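> As input, take structure33.csv (CSV, C-alpha atoms (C1' of nucleotides)):
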chain,number,residue,atom,x,y,z
A,99,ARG,CA,-68.8,57.5,211.7
A,100,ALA,CA,-68.3,60.4,214.1
A,101,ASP,CA,-69.5,58.1,216.9
A,102,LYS,CA,-66.7,55.5,216.5
A,103,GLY,CA,-64.8,55.0,219.7
A,104,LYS,CA,-67.3,57.1,221.7
A,105,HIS,CA,-69.6,55.5,224.2
A,106,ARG,CA,-73.3,56.0,224.8
A,107,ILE,CA,-73.3,55.4,228.6
A,108,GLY,CA,-72.5,59.1,228.7
A,109,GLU,CA,-70.2,61.5,230.5
A,110,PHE,CA,-71.2,60.6,234.1
A,111,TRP,CA,-70.6,56.8,233.7
A,112,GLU,CA,-67.5,57.2,231.4
A,113,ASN,CA,-65.9,59.2,234.2
A,114,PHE,CA,-67.1,57.0,237.1
A,115,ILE,CA,-65.8,53.9,235.4
A,116,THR,CA,-62.4,55.5,234.7
A,117,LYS,CA,-62.3,57.3,238.1
A,118,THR,CA,-62.9,54.0,239.9
A,119,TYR,CA,-60.3,52.0,237.9
A,120,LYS,CA,-57.8,54.8,238.3
A,121,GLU,CA,-58.1,55.0,242.1
A,122,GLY,CA,-57.9,51.2,242.3
A,123,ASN,CA,-54.5,51.0,240.7
A,124,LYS,CA,-52.5,53.5,242.8
A,125,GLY,CA,-50.4,52.2,245.6
A,126,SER,CA,-50.2,48.4,245.4
A,127,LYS,CA,-53.9,48.0,244.9
A,128,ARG,CA,-54.6,46.2,241.6
A,129,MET,CA,-58.4,46.6,241.0
A,130,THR,CA,-59.2,44.9,237.7
A,131,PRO,CA,-62.2,45.9,235.5
A,132,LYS,CA,-64.5,43.2,237.0
A,133,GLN,CA,-64.2,44.7,240.5
A,134,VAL,CA,-64.9,48.1,238.9
A,135,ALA,CA,-68.1,46.7,237.3
A,136,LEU,CA,-69.0,45.3,240.7
A,137,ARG,CA,-68.6,48.8,242.0
A,138,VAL,CA,-70.7,50.1,239.1
A,139,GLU,CA,-73.5,47.7,240.1
A,140,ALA,CA,-73.3,48.9,243.7
A,141,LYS,CA,-73.3,52.5,242.5
A,142,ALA,CA,-76.3,52.2,240.3
A,143,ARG,CA,-78.3,50.4,243.0
A,144,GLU,CA,-77.5,53.1,245.6
A,145,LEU,CA,-78.0,55.8,242.9
A,146,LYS,CA,-81.4,54.1,242.3
A,147,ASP,CA,-80.3,53.8,238.7
A,148,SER,CA,-82.1,50.9,237.2
A,149,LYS,CA,-79.7,50.3,234.2
A,150,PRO,CA,-76.1,49.9,235.3
A,151,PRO,CA,-73.5,49.3,232.6
A,152,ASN,CA,-72.6,45.8,231.6
A,153,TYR,CA,-69.2,44.4,232.3
A,154,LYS,CA,-68.4,44.2,228.6
A,155,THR,CA,-68.9,48.0,228.3
A,156,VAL,CA,-66.7,48.6,231.4
A,157,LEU,CA,-64.0,46.4,229.8
A,158,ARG,CA,-64.3,48.3,226.5
A,159,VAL,CA,-64.1,51.6,228.3
A,160,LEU,CA,-60.8,50.7,229.9
A,161,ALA,CA,-59.3,48.9,226.9
A,162,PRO,CA,-57.6,52.1,225.6
A,163,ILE,CA,-56.5,53.0,229.1
A,164,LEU,CA,-55.1,49.5,229.6
A,165,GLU,CA,-53.3,49.8,226.3
A,166,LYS,CA,-51.8,53.2,227.2
A,167,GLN,CA,-50.6,51.7,230.5
A,168,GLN,CA,-49.2,48.8,228.5
A,169,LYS,CA,-47.3,50.8,225.9
A,170,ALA,CA,-45.1,52.4,228.5
A,171,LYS,CA,-43.3,49.1,229.0
A,172,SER,CA,-42.1,49.0,225.4
A,173,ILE,CA,-40.6,52.4,224.6
A,174,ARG,CA,-37.1,51.9,223.2
A,175,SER,CA,-34.0,54.0,223.9
A,176,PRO,CA,-32.0,55.2,220.8
A,177,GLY,CA,-28.6,54.7,222.4
A,178,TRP,CA,-25.3,56.4,221.6
A,179,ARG,CA,-24.0,56.4,218.1
A,180,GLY,CA,-20.6,56.4,216.4
A,181,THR,CA,-17.3,57.2,218.1
A,182,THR,CA,-18.3,60.1,220.3
A,183,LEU,CA,-19.4,59.1,223.8
A,184,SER,CA,-19.9,60.5,227.3
A,185,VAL,CA,-21.2,59.1,230.6
A,186,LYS,CA,-23.8,60.7,232.9
A,187,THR,CA,-22.4,61.2,236.4
A,188,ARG,CA,-24.7,61.9,239.3
A,189,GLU,CA,-22.7,65.0,239.9
A,190,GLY,CA,-24.5,66.1,236.7
A,191,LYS,CA,-21.2,66.3,234.8
A,192,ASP,CA,-21.1,64.4,231.5
A,193,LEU,CA,-17.6,62.9,231.4
A,194,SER,CA,-16.3,62.6,227.8
A,195,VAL,CA,-14.7,59.3,227.1
B,1,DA,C1',-76.2,71.5,189.2
B,2,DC,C1',-76.5,70.6,193.3
B,3,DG,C1',-78.2,69.9,197.5
B,4,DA,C1',-82.0,69.8,200.2
B,5,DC,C1',-86.9,67.5,202.5
B,6,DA,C1',-88.5,63.3,205.3
B,7,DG,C1',-86.9,58.8,205.8
B,8,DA,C1',-83.7,54.2,204.7
B,9,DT,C1',-79.7,51.9,205.9
B,10,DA,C1',-74.9,50.5,207.3
B,11,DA,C1',-72.7,51.2,210.8
B,12,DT,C1',-71.8,52.2,216.0
B,13,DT,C1',-72.4,50.8,220.8
B,14,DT,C1',-75.0,47.8,224.6
B,15,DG,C1',-75.7,43.5,226.3
B,16,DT,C1',-75.7,37.8,226.3
B,17,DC,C1',-73.5,33.8,227.1
B,18,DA,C1',-70.4,29.7,225.6
B,19,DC,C1',-65.7,29.2,225.9
B,20,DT,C1',-60.8,29.3,227.6
B,21,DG,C1',-56.4,30.6,229.6
B,22,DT,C1',-54.5,31.0,233.7
B,23,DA,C1',-53.1,30.8,238.7
B,24,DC,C1',-53.9,28.3,243.0
B,25,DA,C1',-49.8,24.7,243.9
B,26,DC,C1',-46.1,29.6,249.0
B,27,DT,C1',-41.6,31.4,248.2
B,28,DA,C1',-38.6,38.6,249.2
B,29,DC,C1',-38.2,42.4,252.6
B,30,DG,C1',-33.7,39.4,253.3
B,31,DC,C1',-28.2,38.7,252.8
B,32,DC,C1',-24.4,41.5,253.0
B,33,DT,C1',-21.4,45.5,253.3
B,34,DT,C1',-19.8,50.1,254.9
B,35,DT,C1',-19.7,54.3,257.8
B,36,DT,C1',-20.2,56.5,262.4
B,37,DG,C1',-21.4,58.9,266.4
B,38,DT,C1',-21.6,57.2,271.2
B,39,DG,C1',-19.5,54.8,274.8
B,40,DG,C1',-15.7,51.9,278.5
B,41,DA,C1',-12.0,51.2,280.0
B,42,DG,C1',-7.0,52.0,281.0
B,43,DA,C1',-2.0,53.5,280.3
B,44,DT,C1',-0.2,57.8,280.6
B,45,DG,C1',0.7,62.6,281.7
B,46,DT,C1',-0.2,66.7,285.0
B,47,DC,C1',1.7,69.4,289.0
B,48,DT,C1',0.9,70.9,293.7
B,49,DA,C1',0.7,72.4,299.3
B,50,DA,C1',3.0,70.6,303.2
B,51,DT,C1',5.4,68.5,306.7
B,52,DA,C1',9.2,68.3,307.2
B,53,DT,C1',15.1,68.6,306.9
B,54,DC,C1',18.8,71.2,308.1
B,55,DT,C1',21.6,74.4,308.3
B,56,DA,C1',22.1,79.2,309.5
B,57,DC,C1',20.5,83.4,311.3
B,58,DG,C1',23.2,85.0,314.6
B,59,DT,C1',21.4,86.2,319.8
B,60,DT,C1',21.8,85.4,325.1
B,61,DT,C1',24.4,83.9,329.0
B,62,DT,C1',28.9,82.9,331.7
B,63,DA,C1',32.9,83.2,333.8
B,64,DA,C1',37.1,84.8,333.7
B,65,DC,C1',39.7,88.3,334.7
B,66,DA,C1',41.3,93.1,334.0
B,67,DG,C1',41.2,97.5,335.2
B,68,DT,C1',39.7,101.4,338.6
B,69,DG,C1',39.5,102.9,343.3
B,70,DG,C1',39.9,103.1,348.8
B,71,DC,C1',42.7,102.0,352.4
B,72,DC,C1',47.2,101.5,354.7
B,73,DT,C1',50.4,107.0,360.3
B,74,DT,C1',55.1,108.2,361.6
B,75,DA,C1',59.1,109.6,365.0
B,76,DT,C1',62.8,108.1,368.8
B,77,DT,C1',65.4,104.7,371.6
B,78,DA,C1',66.7,100.2,373.6
B,79,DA,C1',67.4,95.1,372.6
B,80,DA,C1',68.4,90.6,369.8
B,81,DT,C1',70.1,88.8,365.2
B,82,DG,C1',72.5,89.2,360.4
B,83,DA,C1',75.9,92.1,357.9
B,84,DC,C1',79.2,96.3,356.4
B,85,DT,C1',83.1,99.7,357.5
B,86,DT,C1',87.3,101.6,360.1
B,87,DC,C1',91.7,101.0,363.3
B,88,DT,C1',95.5,97.9,365.4
B,89,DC,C1',98.7,93.7,365.1
B,90,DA,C1',107.0,97.8,368.1
B,91,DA,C1',111.5,96.7,369.7
B,92,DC,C1',115.7,98.1,371.7
B,93,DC,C1',117.3,100.1,375.7
B,94,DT,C1',117.6,101.4,380.8
B,95,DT,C1',117.3,100.3,385.7
B,96,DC,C1',116.8,98.0,389.8
B,97,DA,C1',117.0,94.1,392.0
B,98,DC,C1',120.6,88.5,393.9
Please, can you express the file's structure as structure tokens?

Amino acid sequence: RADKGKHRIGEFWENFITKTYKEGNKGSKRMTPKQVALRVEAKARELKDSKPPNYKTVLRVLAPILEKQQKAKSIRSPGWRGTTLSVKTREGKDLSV
DNA sequence: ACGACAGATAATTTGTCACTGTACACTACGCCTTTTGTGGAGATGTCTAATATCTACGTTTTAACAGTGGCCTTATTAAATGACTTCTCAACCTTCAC
């Protein structure tokens, strides 16, 4: 279906969840989804919104973001091949070997 | 035929709640190296005014004596003394007296 992977909480909450997790993981802060959901609870109460998102949705919202943040650890480097070689000096001069 | 009305129906997400994997078990900003501009002596080099020394510059002063200049009256006659000069330095015979 056209709806697969798209949430029904809507554009405001999809942003607010992802906004809150994103600010909570810059610097050495390490705000995990549960603390975000606890913010979402606080936000709905002060927004007077009677139906805050459940923690399972918040974890499902961030699951692709978390996976994109994970993949960055794995990306492999091709390396040099064959006989021809050079080494990258900080002068910016590639010295052939 | 196809596709086109209103509604079925297989998804899709929202939300529950039993379950479990894991950290809490204190245990990084600290060990070590290098450069480096600032800083403290401390041997050494720098180089003058000045208070003489250290003779000479020569310049005064002395006395010795050398030369110029003024004065000094001149005559005669006598004396003493010392000298000089000149001249002289015979000899036989006769006569009258005892």
> Please measure the separation of atom CA of residue 161 of chain A and atom CA of residue 116 of chain A, giving the value in Å to one decimal.
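Rounded to one decimal, the two atoms are 10.7 Å apart.
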> Could you tell me which residues of chain B sit within 8 Å of chain A when counting all atoms listed in the file, and give me the result as a ChimeraX atom specification?
/B:11-15
> Might you pull out every residue within 9 Å of residue 184 of chain A, with only C-alpha atoms (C1' of nucleotides) counted and same-chain residues fewer than 5 positions away left off, and present them as a ChimeraX atom specification?
/A:178,192-195
> In Å, with one decimal, what is the gap from atom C1' of residue 35 of chain B to atom CA of residue 188 of chain A?
20.6 Å
> Atom CA of residue 163 of chain A and atom CA of residue 129 of chain A are how many Å apart?
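Straight-line distance from atom CA of residue 163 of chain A to atom CA of residue 129 of chain A works out to 13.6 Å.
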> Considering only C-alpha atoms, can you say which of A:180, A:168, A:111, A:174 comes closest to residue 149 of chain A?
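Between A:180, A:168, A:111, A:174, the residue approaching residue 149 of chain A most closely is A:111.
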